[PDB]
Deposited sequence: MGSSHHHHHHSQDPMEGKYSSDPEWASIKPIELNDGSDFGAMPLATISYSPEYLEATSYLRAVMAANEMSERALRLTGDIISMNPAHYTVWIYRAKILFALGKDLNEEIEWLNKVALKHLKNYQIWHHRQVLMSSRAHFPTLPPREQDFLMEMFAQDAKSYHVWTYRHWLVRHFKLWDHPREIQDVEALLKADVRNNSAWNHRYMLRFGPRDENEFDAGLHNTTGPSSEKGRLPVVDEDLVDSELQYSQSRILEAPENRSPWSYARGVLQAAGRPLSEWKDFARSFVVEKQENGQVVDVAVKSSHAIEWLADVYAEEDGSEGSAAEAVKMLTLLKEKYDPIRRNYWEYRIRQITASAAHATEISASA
């Protein structure tokens, strides 16, 4: 055994695996671990029990990660050691990049990155090639949930909402694939996400208010809103059945306290139907913001197009909307 024969390791006795297979009934879903993994993990048990913060323990964590990067315990213990020993975290990040590139789907690696990067003593400002590394990840999987979550954290931590690479990288990803919802979601954070450092993080403004008003901005930059809506329309015209920019625009209008009817004519231009989202948009405009006679019937017509032709799998939801509108109209008719 590598560890058991190494004089570097002589001073500590490993703790052997107790899986339950010896005392009583047979355990379930067992794994016949390799001898190398059994030995390394027996030494890990021993060093963690001793709370050992050492160079040998650090190497051991690296070895275990090479065999199993999905071992959540070893990553947490590794971070403890790095901080306890005052290790160079720039070098740890360069190593972590290599592990990340080998295991694209691994999320433990990305929590570890956040833990390291959060240390202002080591990383007082955004490292100069950090955004490029995130783009090397997105070039391989543009919707990676853990990498996007890390990038959200990074923006809040280094206050990057107006940093031009955040918007540029979103725009490069949306040029490559305008249907990348993860990039749209990050765009919303950049443009409309709450920034008050004295408040807990939130996806939307106004979470202390009534839930129907969630997202409402306390102060609206009207020119920014116009610009973002223009951008959304431009992207929609490239691929009108793409849900992402329509949902983004609804979020923008909600944040701004503006009505869906600001886009009535735009939505009508897709109606011969080029976008089911345009139909749903009109349904809501006619049902919720138009108080004129006949508007409720038109909303019902739009929802009937959706249930019969343009998005029929959601028929029960469309029918629920029709029922709501019909009840509302009947209430209006009686008052």
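Residues of the deposited sequence lacking C-alpha coordinates, counted from 1, fall in the stretches 1-16, 288-299, 364-367.
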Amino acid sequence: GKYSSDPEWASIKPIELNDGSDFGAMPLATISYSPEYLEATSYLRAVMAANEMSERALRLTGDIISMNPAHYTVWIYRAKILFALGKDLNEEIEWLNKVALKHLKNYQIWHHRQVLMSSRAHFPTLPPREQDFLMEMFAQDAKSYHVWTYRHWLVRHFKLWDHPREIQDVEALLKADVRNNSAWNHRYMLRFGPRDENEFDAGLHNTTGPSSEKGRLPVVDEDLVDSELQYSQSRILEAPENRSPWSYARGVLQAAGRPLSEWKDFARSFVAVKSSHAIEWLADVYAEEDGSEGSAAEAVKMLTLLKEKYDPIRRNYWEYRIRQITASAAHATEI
From here on, numbers count along this sequence of modelled residues.
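In this crystal structure, the stretch out of 90-98 and 105-113 whose C-alpha atoms carry the higher mean B factor is 90-98. Of the two segments examined, 173-181 and 196-204, it is 196-204 that shows the higher average Cα temperature factor in the deposited entry. In the deposited coordinates, the residue among 64, 278, 57, 26 with the greatest CA B-factor is 26. Note on 222, 141, 166, 130: the highest value goes to 222, judged by CA B factor as recorded. The deposited CA B-factor of residue 9 belongs to the highest third of values across its chain.
Remark: residue 84 belongs to the highest third of its chain, ranked by C-alpha B-factor as recorded. Residue 311: CA B factor lies in the lowest third for its chain, per the PDB record.
When the modelled residues of the chain are ordered by their C-alpha B factor, residue 209 lands in the highest third. Ranked within its chain, residue 265 lands in the highest third, by CA B factor from the PDB record.
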